[PDB]
Enquirer: 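Got a structure for you, written out below as C-alpha cells; questions coming shortly.
Here is the naming used below: chain letters follow the sequence lines, and residue numbers restart at 1 for every chain. Just so you know, these numbers use all the heavy atoms, side chains as well, and skip hydrogens, waters and symmetry mates.
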Amino acid sequence: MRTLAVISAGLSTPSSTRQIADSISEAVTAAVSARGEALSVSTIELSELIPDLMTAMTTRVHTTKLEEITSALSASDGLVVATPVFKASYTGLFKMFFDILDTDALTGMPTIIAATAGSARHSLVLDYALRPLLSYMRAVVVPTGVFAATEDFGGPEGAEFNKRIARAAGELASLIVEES
Amino acid sequence: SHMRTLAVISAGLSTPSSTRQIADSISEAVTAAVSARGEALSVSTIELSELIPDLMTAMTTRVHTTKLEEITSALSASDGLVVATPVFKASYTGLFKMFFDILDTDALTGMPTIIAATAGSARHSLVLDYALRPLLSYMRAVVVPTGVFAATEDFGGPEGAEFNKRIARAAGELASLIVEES
Amino acid sequence: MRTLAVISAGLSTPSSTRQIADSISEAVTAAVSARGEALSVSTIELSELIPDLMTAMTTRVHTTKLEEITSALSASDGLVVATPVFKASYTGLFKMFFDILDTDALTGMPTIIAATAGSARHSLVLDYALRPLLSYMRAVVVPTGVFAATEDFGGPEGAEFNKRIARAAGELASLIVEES
Amino acid sequence: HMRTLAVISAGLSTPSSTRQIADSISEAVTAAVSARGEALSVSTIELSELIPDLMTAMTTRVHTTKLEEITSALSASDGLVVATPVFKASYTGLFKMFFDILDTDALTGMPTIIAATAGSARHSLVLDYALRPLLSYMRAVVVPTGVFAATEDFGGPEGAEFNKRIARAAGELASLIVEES
C-alpha cells in the first residue's frame with residue numbers, strides 16, 4: 001500500500017483550500033485504485049502547526065510533533081500541496097513549512113501543486129510561485145497544476161474543472177505506482 | 001516634511017544577521033541621500049524575528065498587539081520603505097511573506113520602495129524581479145528600478161566597490177521620491 | 001511639448017493590442033492635458049518592422065528605419081508597451097525588439113505595461129514577464145499595469161477597467177510632466 | 001526503434017556558448033540512453049539559421065519545407081533539450097518566437113531538459129521563471145534538473161560539480177525517454 005501526503009494551508013472553517021485538497025487526494029485515490037493499489041492518505045493542516053512552526057523560527061530544533069510530520073512526509077510516496085492566495089501568491093505560513101524542511105526533504109517526490117481563490121486572475125501563482133518552489137526541492141511536479149476558482153464551479157466549467165482534477169490525479173497516480 | 005521617515009523591514013534570523021547588515025547599509029545611504037537633498041531622515045528598523053509572537057498571534061486571530069499596531073501604522077505613514085529578506089528555498093522567507101499578508105489591502109499604496117535580498121552567491125539574484133517586485137507592485141507600492149541583491153561571497157575588491165555604488169543609486173532613487181512627496 | 005512612444009506588437013487586423021494601446025495613449029494624452037501640456041503620440045507597430053528585426057539578428061548593424069525608431073524611442077518622455085499573449089506570456093516578436101535595444105535605451109523611461117488576451121487567467125504576465133523586462137532595463141514602470149481581458153469588457157467589470165486605464169494614465173502623466 | 005532527441009539552440013554567435021552547453025547536454029543524454037540499453041538519434045536545430053522560415057510561419061501560417069520537417073520531427077521526438085542565451089534577463093525573442101510558432105499541442109507530454117547560458121550565474125532563475133513556465137504551459141514534462149551554464153564558473157571544483165549536474169539531467173531525461181512505448 002502506498003502513501004499520499006497532503007499539505008493544506010487554509011485558515012478558514014470550512015476551508016476552501018482543504019476542499020480542493022480533498023477533491024484531489026480522493027481523485028488520486030481513485031486513480032491509484034484503477035491501477036490496482038490501495039492508497040493511505042494523511043492530510044496535514046498547517047493552521048494546526050503554527051505554534052511548532054513558530055518555535056522552529058526562534059529556535060533551531062523542532063518539536064517532536066513537527067519532527068514526526070516532516071519525517072512521514074519524506075516517506076510518503078506522493079505529495080499534494082495546496083494553498084489559498086494572499087497578496088497574489090502563496091501564503092506566508094505555507095512558505096514557512098517549506099523553509100523549515102531539510103534540503104533533501106522532497107527530492108524526487110511526485111507532486112500535484114494546487115491553489116485556490118475567488119477568480120482565476122491569479123492562476124499563474126502555480127507556475128510562477130509553487131512550481132519554482134517545489135522544483136527547487138527537486139520534486140517532480142506533474143504538468144497539470146490545479147487552480148480552483150470557486151467563482152467558476154458548476155456547469156460546463158465545473159465539469160471541465162473536475163476533468164482537469166482527474167488528469168492531474170492520473171499523472172500523479174502513474175508516478176506513484178511506478179515507484180519501486 | 002519636518003523630517004522625513006523611512007521604514008525598514010528585515011527578515012533575517014541569524015545573529016549577527018546578514019539581512020540586517022545590507023538593510024542598514026541601505027538605510028544609511030538613504031539617510032545620506034536625503035541629507036544631500038537638504039532634509040533629515042528618521043529611520044524605523046523592524047526585525048521580523050522580534051515579532052514572531054505578535055505576528056503568529058495575528059495569524060491565529062485577527063487582532064494586532066499594541067506593538068504591531070504601532071509598527072503597521074507608522075509603516076503606512078512612512079515616506080519611504082526598505083525591505084530585506086534572506087533567501088530560503090529560492091525565494092523570500094515565509095516569515096517575510098507573513099508580515100505582508102498581515103497588512104491591510106492598502107497599507108502600502110503609493111509607497112516609494114527599495115527591494116533587497118541577500119545570500120552567499122548571486123545565483124538567485126532574480127528573486128527580486130520575480131518574487132519581491134510582484135509582491136510590492138501588487139500592493140501598489142512604487143518600487144525603485146534598482147533592486148539590491150547582496151551576495152556576500154562577492155564583497156570587497158573590484159566587485160565590492162561596484163556594489164556599494166549600486167546601493168547609492170537605489171538610495172538616490174528612493175531619496176528623490178521621498179523628498180518629492182508633499 | 002511632450003513625446004509619448006507606443007509599442008504595439010499585435011499581428012491581427014483589426015488588432016486588439018492596438019486597441020488597448022490606443023485607449024492607453026489617448027487617456028495619457030488627456031491626462032497630460034489636464035496638467036497643462038500637449039502630447040505628441042507616436043505609435044510603433046512591430047509587425048511593420050519584420051525585415052528590420054530579421055536583419056538585426058543575422059547581422060550586427062541596424063537599418064535606417066530601425067535606427068530612427070530606437071532613437072525616437074529613447075528620446076520620448078513617456079512610453080507604453082502593449083502585446084498579445086502567446087504561450088501564456090509576451091510575444092517573441094515583442095521580445096526580439098527589446099533584445100535589439102542598447103543597454104541604456106530606456107533608463108529612466110516612465111512606462112505603462114499592458115497585454116491583451118481573451119480571459120484574465122494569464123494577467124500575471126504583467127508582473128512576471130513585462131515588469132521584469134522593463135525593470136531590467138532600469139525603466140520606471142507605473143504600479144498600475146493594464147491587462148485587457150477582451151471578454152470582461154462592458155458591465156460592472158468593464159466599468160472598473162476603464163478606471164484602471166485612467167489611473168495608469170494619470171500615473172505616467174505625472175512622471176511625464178515632471179520631466180523638463 | 002532508435003530513440004530520438006530534438007535539440008533547440010538560440011545562440012547567435014559563432015562559436016556559440018548556447019550550442020556548446022546544448023551539445024554537452026545532448027552528448028550526456030546519448031550516454032545516458034546508451035547506459036539504458038538503447039541507441040539515440042540527435043536532431044540539433046539552430047534558430048539563427050531558421051529566422052526567415054520563422055518570420056514567414058508567424059506572419060503566415062505557412063511552413064517552409066525546412067520548418068515542416070523540423071516541427072514534425074519535433075512533435076515526433078521522444079526527448080527534447082532546449083537552450084537559450086540570456087538577453088534582457090530572460091530567454092531570447094528568437095527563442096520565444098519558435099515556441100509561439102508551434103501548434104498548441106506540439107510538446108504535450110514531451111520529456112524535457114530546459115537550459116540557458118550566460119557569463120555569470122546572477123540570472124540562473126530564468127530557468128524556473130521563464131523557460132519552465134513556458135514548457136509547462138505546453139504540458140511538456142520538464143525534468144527537475146535545469147541546466148544553467150555560467151561560462152565564468154567552469155573548471156575546478158565548481159565545473160566538476162556542474163558536469164555532474166549535466167549528467168543528472170541527462171539521466172532523468174533518458175529515463176523518461178526509454179520508458180515510453
Enquirer: Would the distance check show the side chain of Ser24(D) and the main-chain N or O of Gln20(D) forming a donor-acceptor pair, the cut-off being under 3.5 Å?
Expert: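 Between the backbone of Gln20(D) and the side chain of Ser24(D) there is a qualifying donor-acceptor contact (under 3.5 Å).
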Enquirer: Does a sphere of radius 6.0 Å around CD in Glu161(D) hold more than 12 heavy atoms from other residues, nucleotides or ligands, not counting ones at 6.0 Å or beyond?
Expert: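 No, the 6.0 Å shell around CD holds no more than 12 heavy atoms from other groups.
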Enquirer: Could you tell me the separation between the OG atom of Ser74(A) and the CD1 atom of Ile69(A), rounded to the nearest 0.5 Å?
Expert: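 Here the interatomic distance stands at 12.5 Å.
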Enquirer: If you define the side chain from C-beta out and look only at heavy atoms, does anything of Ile100(A) sit under 4.5 Å from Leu66(A)?
Expert: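 The answer is yes, as the side chains (C-beta and beyond) meet within the 4.5 Å cut-off.
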Enquirer: Rounded to the nearest 0.5 Å, how far apart are CG of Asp102(A) and OG of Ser71(A)?
Expert: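 The CG atom of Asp102(A) sits 8.5 Å away from the OG atom of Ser71(A).
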Enquirer: Does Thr93(B) offer a backbone N or O that forms a donor-acceptor pair with the side chain of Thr85(B) under 3.5 Å?
Expert: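 Yes, the answer is positive, given that a donor and an acceptor are paired below the 3.5 Å cut-off.
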Enquirer: For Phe88(B), does its backbone N or O pair with a side-chain atom of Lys95(A) as donor and acceptor, under 3.5 Å?
Expert: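 Side chain of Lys95(A) to backbone of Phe88(B), a donor-acceptor pair under 3.5 Å: yes, one is there.
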Enquirer: Work out which heavy atom in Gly10(A) is nearest to a heavy atom in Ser47(A); give both atom names and the distance.
Expert: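 Heavy-atom minimum between the residues: O-CB, 3.5 Å.
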Enquirer: Provide the closest heavy-atom pair for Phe96(B) versus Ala11(B) in the form atom of the first, atom of the second, distance.
Expert: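 In this case the closest contact between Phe96(B) and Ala11(B) is CB-CB, 3.8 Å.
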Enquirer: Taking only residues two or more places apart in sequence or in another chain, which ones pass salt bridge (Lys or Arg N to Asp or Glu O under 4.0 Å) with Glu27(D)?
Expert: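 Result, salt bridge (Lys or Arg N to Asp or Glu O under 4.0 Å) vs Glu27(D): none returned.
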Enquirer: Among pairs that include at least one residue of residues 36-61 of chain A, which meet salt bridge (charged side-chain N to carboxylate O under 4.0 Å, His left out), considering only residues two or more places apart or in two chains?
Expert: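 The answer is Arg2(A)-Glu37(A), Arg18(A)-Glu45(A).
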Enquirer: Would you confirm whether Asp101(B), through its side chain, and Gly92(A), through its main-chain N or O, come within 3.5 Å as a donor-acceptor pair?
Expert: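 Between the backbone of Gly92(A) and the side chain of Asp101(B) there is a qualifying donor-acceptor contact (under 3.5 Å).
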Enquirer: Hey, could you give me each pair passing salt bridge (charged side-chain N to carboxylate O under 4.0 Å, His left out) that has a residue in residues 161-170 of chain A? Not counting sequence neighbours.
Expert: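 Checked against salt bridge (charged side-chain N to carboxylate O under 4.0 Å, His left out) - neighbours excluded - no pair reaches residues 161-170 of chain A.
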Enquirer: Could you tell me the separation between the CD1 atom of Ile44(A) and the CG atom of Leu79(A), rounded to the nearest 0.5 Å?
Expert: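 Atom-to-atom, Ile44(A):CD1 and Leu79(A):CG are 11.0 Å apart.
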Enquirer: To the nearest 0.5 Å, what is the distance between CE on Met56(B) and CD1 on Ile52(B)?
Expert: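 Going from CE on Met56(B) over to CD1 on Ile52(B), the span is 5.5 Å.
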Enquirer: Return the minimal non-hydrogen interatomic distance between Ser77(D) and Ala6(D), and the atom names on each side.
Expert: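 Heavy-atom minimum between the residues: OG-CB, 3.4 Å.
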Enquirer: Consider side-chain contact (heavy atoms from CB on, under 4.5 Å). Of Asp78(D), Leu5(D), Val178(D), which one does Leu40(D) pass it with?
Expert: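 One option only clears the test, and that one is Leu5(D).
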Enquirer: Taking the side chain from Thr55(A) and the backbone from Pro51(A), do they hold a donor-acceptor pair closer than 3.5 Å?
Expert: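 Yes; judged by distance alone, with no hydrogens or angles, the pair exists.
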Enquirer: Nearest 0.5 Å, what's the OG1-CG distance between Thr63(A) and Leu49(A)?
Expert: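 Here the rounded value is 8.0 Å.
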Enquirer: Check whether any side-chain heavy atom of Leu125(D) lies under 4.5 Å from a side-chain heavy atom of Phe148(D), and answer yes or no.
Expert: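 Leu125(D) vs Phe148(D): side chains apart.
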Enquirer: Checking the side chain of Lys89(B) only, and the main-chain atoms of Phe98(A) only, is there a donor and an acceptor separated by less than 3.5 Å?
Expert: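 Yes, the answer is positive, given that a donor and an acceptor are paired below the 3.5 Å cut-off.
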Enquirer: Does the ring center of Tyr128(C) lie less than 6.0 Å from the ring center of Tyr129(D)?
Expert: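 That pair fails the under 6.0 Å test.
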Enquirer: Is it the case that the side chains of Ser174(A) and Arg35(A) hold a donor-acceptor pair, with the cut-off being a distance below 3.5 Å and no angle test?
Expert: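 The answer is yes; a qualifying pair exists.
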Enquirer: For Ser41(D), check side-chain contact (heavy atoms from CB on, under 4.5 Å) against everything at least two apart and list the hits.
Expert: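 Only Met2(D), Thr4(D) meet the side-chain contact (heavy atoms from CB on, under 4.5 Å) criterion with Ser41(D).
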Enquirer: Checking the side chain of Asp153(D) only, and the main-chain atoms of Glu158(D) only, is there a donor and an acceptor separated by less than 3.5 Å?
Expert: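 Checking the backbone N and O of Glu158(D) against the side chain of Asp153(D), no donor-acceptor pair under 3.5 Å is found.
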Enquirer: Less than 4.5 Å apart, any side-chain heavy atom of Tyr91(D) and any of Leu134(D)?
Expert: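 In short, these two side chains touch, coming nearer than 4.5 Å.
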Enquirer: Nearest heavy-atom pair of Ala174(D) and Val33(D): which atoms, and what distance?
Expert: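 It is CB-CG2, 3.6 Å.
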Enquirer: Kindly compute the distance separating CD1 (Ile24(A)) from CD1 (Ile165(A)), expressed to the nearest 0.5 Å.
Expert: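 That separation rounds to 5.5 Å.
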Enquirer: Would you call the rings of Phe154(D) and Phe162(D) parallel, tilted or perpendicular, where under 30° means parallel and over 60° means perpendicular?
Expert: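 Parallel, since the angle between the ring planes stays under 30°.
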Enquirer: Could you pull out every donor-acceptor pair under 3.5 Å between side chains of residues 104-121 of chain D and any protein atom, sequence neighbours left out?
Expert:
residue	atom	partner	partner atom	Å
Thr108(D)	OG1	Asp105(D)	O	3.4
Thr112(D)	OG1	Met110(D)	O	2.8
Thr117(D)	OG1	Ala149(D)	O	2.9

Enquirer: Whether the side chain of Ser16(D) engages the backbone of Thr18(D) through a donor-acceptor N/O pair (distance < 3.5 Å, no angle test) should be reported.
Expert: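 Checking the backbone N and O of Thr18(D) against the side chain of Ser16(D), a donor-acceptor pair under 3.5 Å is found.
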Enquirer: Is the centre of the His123(D) ring less than 6.0 Å from the centre of the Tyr136(C) ring?
Expert: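 Distance test on ring centres: under 6.0 Å, yes.
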Enquirer: For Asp22(A), is there any backbone N or O sitting under 3.5 Å from a side-chain donor or acceptor partner on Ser25(A)?
Expert: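 Checking the backbone N and O of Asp22(A) against the side chain of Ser25(A), a donor-acceptor pair under 3.5 Å is found.
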Enquirer: For the residue pair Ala169(A) and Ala31(A), what are the closest heavy atoms and their distance?
Expert: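 The pair with the smallest heavy-atom distance is O-CB, 3.7 Å.
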Enquirer: Could you please spell out the steps behind the side chain to side chain contact (heavy atoms under 4.5 Å, CB included) verdict for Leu102(D) and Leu74(D)?
Expert: CA-CA 10 Å; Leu102(D) 298 175; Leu74(D) 177 49; 3.8 Å; yes
Enquirer: For residues 114-136 of chain D, which residue pairs qualify under salt bridge (charged side-chain N to carboxylate O under 4.0 Å, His left out), counting only residues two or more places apart or in two chains?
Expert: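 Checked against salt bridge (charged side-chain N to carboxylate O under 4.0 Å, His left out) - neighbours excluded - the pairs reaching residues 114-136 of chain D are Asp128(D)-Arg132(D).
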Enquirer: Is a donor on one side and an acceptor on the other found under 3.5 Å between the side chain of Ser91(B) and the backbone of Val87(B)?
Expert: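 Here the side-chain-to-backbone pair does not exist.
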